[PDB]
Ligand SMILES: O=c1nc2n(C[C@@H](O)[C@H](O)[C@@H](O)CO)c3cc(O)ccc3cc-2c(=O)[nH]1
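Presented as structure tokens, the chain that follows is alone, the form solved without this ligand.
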């Protein structure tokens, strides 16, 4: 008959889904689909933890569609070829999907839409992963924001959208329709191993829409009240752990905002009020970087500001390798890099410390780090990851005066008792917190733990010197 296809990408859930809800208001014969795109799966920048989480979200999505009344079609190959072909073989009334903010997703999308138009099939692309689309947040001159302050002021005043309905009572495809598309479908969802990946490090939140919704609710029912200042300490489990759920859309952005907003109204404590407002602003910061990537795609290429595109990066491979293997000799840095490679996630404060270290101390083009994070983070997200790294050098959006972190100061300030350090570096559990924080560990009491690969003070003078020299040469 007249079926509508909904194409899932970073919105692996049936609830609070803008494009999916819009599609259901047009037809009950709503068939979901996911395409295993080789340019994404085979990329050297794909993290095993991310594929594991992804695959897990899909397993649940298959069930959700089955329970709703239809199914989730699985495809493997090039999207602009396979999707139009599938829609045509199914005489699809339309193909729906939620818009991307990334260069690759957007280029692919324009190509799929054009192919659909040629075939005479409607393509509806709606905004779903942002509370406010990039086109809704503009300055008085109708231009995007490259400074957070003014962006936050606009974003904050905009009326917030609420969760949309979960589609129900769907009409599944018939055998004759299934025969028409048989050649384009995978019989079943490939396992992690079949895809050639392996992951056993766990997740910040179990895969799937259900687990994501449970975490959001558990966080907003208690821990969120102490977000500020518990968010600052890596040793403390004071954050939500929803990052991969937001990147892959296991949780909708409006459900998250609403749950936090309801907790704020329910709270009668000032401190709890503040903590919740702070968490909410985290979501605003997320949108700032996503809108930035949308408005200024060249950000993805590397250092944005002119001065930084010329910075003389030393690029000593040995130093980078030591960094990636947690063998830098700086406890707070190695404990963090170990948490990343072992669990596929890293506390935000630690991401800031290790990024600053790689860029300021090791003086390595931060792109090597941005790539290493993407190769390991279960929440690896271009907008946020690139935003985080441009930040380590003020080479992109919302720049700040030159500054260099001192691992020792950070460690003492955010891990004063060295609980997080000993947790991820158990072979140093015998050392005094004082020494793990300063990074000055006696050879005998250090065992096999390596000595500092660089002398912070000398690296700091070297970085500033290169900065001032180029600063002048311009």
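Positions refer to the first chain, counted from 1.
We do not show the form solved in complex with this ligand, though everything after this point is about it.
Binding-site state, shown form vs this ligand in the deposited bound form, superposed, 3 or more atoms under 2.4 Å of backbone or C-beta
Here the site is open.
Considering only heavy atoms, tell me if residue 54 and this ligand come within 4.5 Å of each other in the deposited bound form.
Because a heavy atom of residue 54 falls inside 4.5 Å of this ligand in the deposited bound form, the answer is yes.
Tell me, yes or no, whether residue 104 is in contact with this ligand in the deposited bound form, where a contact means a heavy atom of each within 4.5 Å.
Yes, residue 104 lies within 4.5 Å of this ligand in the deposited bound form.
Within 4.5 Å, heavy atoms only: does residue 10 come near this ligand in the deposited bound form?
Answer yes; at least one heavy atom of residue 10 falls within 4.5 Å of this ligand in the deposited bound form.
Does residue 414 make contact with this ligand in the deposited bound form, using a 4.5 Å heavy atom cut-off?
The answer is no: residue 414 has no heavy atom within 4.5 Å of this ligand.
This ligand in the deposited bound form: within 4.5 Å of a heavy atom of each of 35, 41 and 248?
Heavy-atom distance to this ligand in the deposited bound form: all three under 4.5 Å.
Quick check on this chain: which one of 254, 368, 264, 108 has a heavy atom within 4.5 Å of this ligand in the deposited bound form?
Filtering the options by heavy-atom distance leaves 108.
Looking at 314, 93, 172, 100, which is the one with a non-hydrogen atom within 4.5 Å of this ligand in the deposited bound form?
By the 4.5 Å heavy-atom cutoff, the listed residue in contact is 100.
Within 4.5 Å of this ligand in the deposited bound form, counting heavy atoms only, one of 27-35, 443-451, 66-74, 429-437 shows up; tell me which.
This holds for exactly one stretch, 27-35.
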